[PDB]
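Data block below; observations after.
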Amino acid sequence: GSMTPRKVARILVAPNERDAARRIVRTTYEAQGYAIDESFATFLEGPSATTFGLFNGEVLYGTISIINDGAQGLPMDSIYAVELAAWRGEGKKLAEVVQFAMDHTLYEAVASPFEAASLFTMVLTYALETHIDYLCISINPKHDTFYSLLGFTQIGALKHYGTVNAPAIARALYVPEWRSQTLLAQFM
Ligand SMILES: CCCCCCCCCCCC(=O)N[C@@H](Cc1ccc(O)cc1)C(=O)O
């Protein structure tokens, strides 16, 4: 599916779609040597979470979720709590984008995060509709430079993320003026 492609990005609602989303995350993280923790699944079946999916002609190949700052906090809190405390004091709506995974076997890849562009648009629209102030991410240092181009400013140092047993930096983006934080906005 690359010369007659059909890519569908939508909210995952059916229990079997969410199981399949968890399966992609599980396989992807095991291949990259990340640990799978049951805390992420907990957050996702909670009220303040939303899972998106990416379909190659009806088979799911990619997924991304977003967790809203509620009474259960954010997964970031175990590592980057005090980096968020200032914003929480000012009464800022925060949300963490989480469990982003693509299965490279199910999509004719570039041989790459920019092939999840439609998943990102869905996260961005959600953030502009929910009236979210700061969109937070904790990412593997290898994609650090990519998300910096996307306009995410570094808010946390390079630490060890115990949940994943892998290194992480924290980045955040001010959604209400996202176009002023990204270089790609010069081309529109
Ligand atoms: C303008 C709108 C932009 C939308 C872009 C959203 C970017 C999402 C990145 C999510 C990173 C991720 O999956 N972290 C892992 C946590 C993790 C795993 C391994 C590491 O080495 C470090 C961190 C997760 O949440 O599972």
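Scheme for the structure tokens: letters A, B, ... for chains in order shown; per-chain residue numbers from 1; ligand numbers from 1 in order shown.
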(request) Write out as a list in words each polymer residue whose atoms come within 12 Å of residue A:84, counting only C-alpha atoms; drop sequence neighbours fewer than 6 positions from it. (result)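 Returned residues: residues 69, 73, 74, 75, 76, 77, 78, 90, 91, 92, 93, 94, 95, 96, 134, 135, 136, 137, 155, 156, 170, 171 and 172 of chain A.
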Could you write out that same residue set with N, CA, C and O atoms as a PDB file, in the first residue's frame?
ATOM      1  N   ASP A  69      -4.702  16.365  32.144  1.00  0.00           N
ATOM      2  CA  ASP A  69      -4.366  16.580  33.545  1.00  0.00           C
ATOM      3  C   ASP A  69      -5.618  16.544  34.427  1.00  0.00           C
ATOM      4  O   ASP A  69      -6.424  17.471  34.424  1.00  0.00           O
ATOM      5  N   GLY A  73      -3.186  12.917  37.660  1.00  0.00           N
ATOM      6  CA  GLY A  73      -1.953  13.530  37.191  1.00  0.00           C
ATOM      7  C   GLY A  73      -1.579  13.132  35.777  1.00  0.00           C
ATOM      8  O   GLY A  73      -2.450  12.837  34.949  1.00  0.00           O
ATOM      9  N   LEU A  74      -0.277  13.147  35.496  1.00  0.00           N
ATOM     10  CA  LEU A  74       0.261  12.707  34.209  1.00  0.00           C
ATOM     11  C   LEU A  74       1.374  11.677  34.464  1.00  0.00           C
ATOM     12  O   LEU A  74       1.998  11.709  35.529  1.00  0.00           O
ATOM     13  N   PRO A  75       1.600  10.735  33.531  1.00  0.00           N
ATOM     14  CA  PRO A  75       2.713   9.771  33.666  1.00  0.00           C
ATOM     15  C   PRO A  75       4.060  10.453  33.859  1.00  0.00           C
ATOM     16  O   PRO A  75       4.922   9.889  34.527  1.00  0.00           O
ATOM     17  N   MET A  76       4.206  11.665  33.311  1.00  0.00           N
ATOM     18  CA  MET A  76       5.391  12.511  33.498  1.00  0.00           C
ATOM     19  C   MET A  76       5.751  12.755  34.960  1.00  0.00           C
ATOM     20  O   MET A  76       6.921  12.940  35.282  1.00  0.00           O
ATOM     21  N   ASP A  77       4.735  12.767  35.832  1.00  0.00           N
ATOM     22  CA  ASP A  77       4.892  13.142  37.246  1.00  0.00           C
ATOM     23  C   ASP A  77       5.967  12.364  38.008  1.00  0.00           C
ATOM     24  O   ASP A  77       6.582  12.897  38.931  1.00  0.00           O
ATOM     25  N   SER A  78       6.196  11.110  37.618  1.00  0.00           N
ATOM     26  CA  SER A  78       7.189  10.273  38.290  1.00  0.00           C
ATOM     27  C   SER A  78       8.617  10.795  38.078  1.00  0.00           C
ATOM     28  O   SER A  78       9.512  10.502  38.866  1.00  0.00           O
ATOM     29  N   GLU A  90      -0.434  28.157  38.258  1.00  0.00           N
ATOM     30  CA  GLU A  90      -1.088  29.219  37.491  1.00  0.00           C
ATOM     31  C   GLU A  90      -2.445  28.799  36.909  1.00  0.00           C
ATOM     32  O   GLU A  90      -3.133  29.609  36.284  1.00  0.00           O
ATOM     33  N   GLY A  91      -2.812  27.531  37.098  1.00  0.00           N
ATOM     34  CA  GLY A  91      -4.090  27.019  36.632  1.00  0.00           C
ATOM     35  C   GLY A  91      -4.090  26.785  35.140  1.00  0.00           C
ATOM     36  O   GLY A  91      -5.023  27.175  34.438  1.00  0.00           O
ATOM     37  N   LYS A  92      -3.031  26.147  34.656  1.00  0.00           N
ATOM     38  CA  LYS A  92      -2.865  25.898  33.236  1.00  0.00           C
ATOM     39  C   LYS A  92      -3.316  24.500  32.864  1.00  0.00           C
ATOM     40  O   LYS A  92      -2.995  23.527  33.552  1.00  0.00           O
ATOM     41  N   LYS A  93      -4.069  24.405  31.774  1.00  0.00           N
ATOM     42  CA  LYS A  93      -4.517  23.123  31.285  1.00  0.00           C
ATOM     43  C   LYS A  93      -3.353  22.407  30.621  1.00  0.00           C
ATOM     44  O   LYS A  93      -2.812  22.873  29.620  1.00  0.00           O
ATOM     45  N   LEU A  94      -2.931  21.304  31.222  1.00  0.00           N
ATOM     46  CA  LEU A  94      -1.862  20.493  30.659  1.00  0.00           C
ATOM     47  C   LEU A  94      -2.394  19.173  30.139  1.00  0.00           C
ATOM     48  O   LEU A  94      -3.443  18.694  30.574  1.00  0.00           O
ATOM     49  N   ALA A  95      -1.670  18.601  29.186  1.00  0.00           N
ATOM     50  CA  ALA A  95      -1.976  17.283  28.662  1.00  0.00           C
ATOM     51  C   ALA A  95      -0.702  16.662  28.153  1.00  0.00           C
ATOM     52  O   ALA A  95       0.148  17.347  27.589  1.00  0.00           O
ATOM     53  N   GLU A  96      -0.540  15.372  28.391  1.00  0.00           N
ATOM     54  CA  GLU A  96       0.650  14.683  27.940  1.00  0.00           C
ATOM     55  C   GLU A  96       0.302  13.774  26.781  1.00  0.00           C
ATOM     56  O   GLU A  96      -0.650  12.994  26.860  1.00  0.00           O
ATOM     57  N   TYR A 134      -0.670  23.801  27.521  1.00  0.00           N
ATOM     58  CA  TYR A 134       0.615  23.164  27.237  1.00  0.00           C
ATOM     59  C   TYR A 134       0.503  21.684  26.908  1.00  0.00           C
ATOM     60  O   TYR A 134      -0.059  20.901  27.679  1.00  0.00           O
ATOM     61  N   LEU A 135       1.032  21.317  25.747  1.00  0.00           N
ATOM     62  CA  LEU A 135       1.097  19.935  25.314  1.00  0.00           C
ATOM     63  C   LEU A 135       2.474  19.377  25.661  1.00  0.00           C
ATOM     64  O   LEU A 135       3.466  19.779  25.084  1.00  0.00           O
ATOM     65  N   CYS A 136       2.529  18.452  26.610  1.00  0.00           N
ATOM     66  CA  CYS A 136       3.810  17.934  27.098  1.00  0.00           C
ATOM     67  C   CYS A 136       4.200  16.562  26.510  1.00  0.00           C
ATOM     68  O   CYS A 136       3.335  15.728  26.225  1.00  0.00           O
ATOM     69  N   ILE A 137       5.503  16.345  26.327  1.00  0.00           N
ATOM     70  CA  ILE A 137       6.016  15.065  25.816  1.00  0.00           C
ATOM     71  C   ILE A 137       7.288  14.643  26.516  1.00  0.00           C
ATOM     72  O   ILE A 137       8.162  15.468  26.793  1.00  0.00           O
ATOM     73  N   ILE A 155      11.713  21.422  28.566  1.00  0.00           N
ATOM     74  CA  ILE A 155      11.309  21.863  29.897  1.00  0.00           C
ATOM     75  C   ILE A 155      11.907  20.991  30.976  1.00  0.00           C
ATOM     76  O   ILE A 155      11.923  21.364  32.135  1.00  0.00           O
ATOM     77  N   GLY A 156      12.426  19.834  30.580  1.00  0.00           N
ATOM     78  CA  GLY A 156      13.053  18.916  31.513  1.00  0.00           C
ATOM     79  C   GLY A 156      14.375  18.376  31.018  1.00  0.00           C
ATOM     80  O   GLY A 156      14.567  18.187  29.823  1.00  0.00           O
ATOM     81  N   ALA A 170      12.077  16.079  28.656  1.00  0.00           N
ATOM     82  CA  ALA A 170      10.720  16.613  28.609  1.00  0.00           C
ATOM     83  C   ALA A 170      10.673  17.843  27.741  1.00  0.00           C
ATOM     84  O   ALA A 170      11.531  18.721  27.848  1.00  0.00           O
ATOM     85  N   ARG A 171       9.689  17.877  26.844  1.00  0.00           N
ATOM     86  CA  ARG A 171       9.430  19.039  26.000  1.00  0.00           C
ATOM     87  C   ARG A 171       7.951  19.412  26.065  1.00  0.00           C
ATOM     88  O   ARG A 171       7.095  18.561  26.259  1.00  0.00           O
ATOM     89  N   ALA A 172       7.663  20.694  25.908  1.00  0.00           N
ATOM     90  CA  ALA A 172       6.297  21.179  25.935  1.00  0.00           C
ATOM     91  C   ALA A 172       6.086  22.207  24.844  1.00  0.00           C
ATOM     92  O   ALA A 172       7.046  22.832  24.384  1.00  0.00           O
TER      93      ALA A 172
END
(message) Using DSSP secondary structure from the backbone, list all alpha helix (DSSP H) positions within stretch 23-161 of chain A, as an MDAnalysis selection string.
(response) chainID A and resid 23:31 38:44 77:89 117:129 144:149
(message) Under the rule that only C-alpha atoms and all ligand atoms are counted, which of A:173, A:122, A:117, A:98 is the nearest residue to ligand 1?
(response)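 Closest residue, counting only C-alpha atoms and all ligand atoms: A:98.
A straight line drawn from atom CA of residue A:14 to atom CA of residue A:52 is 11.5 Å long.
The list of residues with at least one atom within 10 Å of residue A:39, based on only C-alpha atoms and without residues fewer than 4 positions apart in the same chain, reads residues 43, 44, 75 and 163 of chain A.
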Residues just named, written with C-alpha atoms as a PDB file, in the first residue's frame:
ATOM      1  CA  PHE A  43      -4.191   5.812  32.377  1.00  0.00           C
ATOM      2  CA  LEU A  44      -5.591   4.941  28.928  1.00  0.00           C
ATOM      3  CA  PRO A  75       2.713   9.771  33.666  1.00  0.00           C
ATOM      4  CA  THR A 163       8.668   3.443  33.875  1.00  0.00           C
TER       5      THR A 163
END
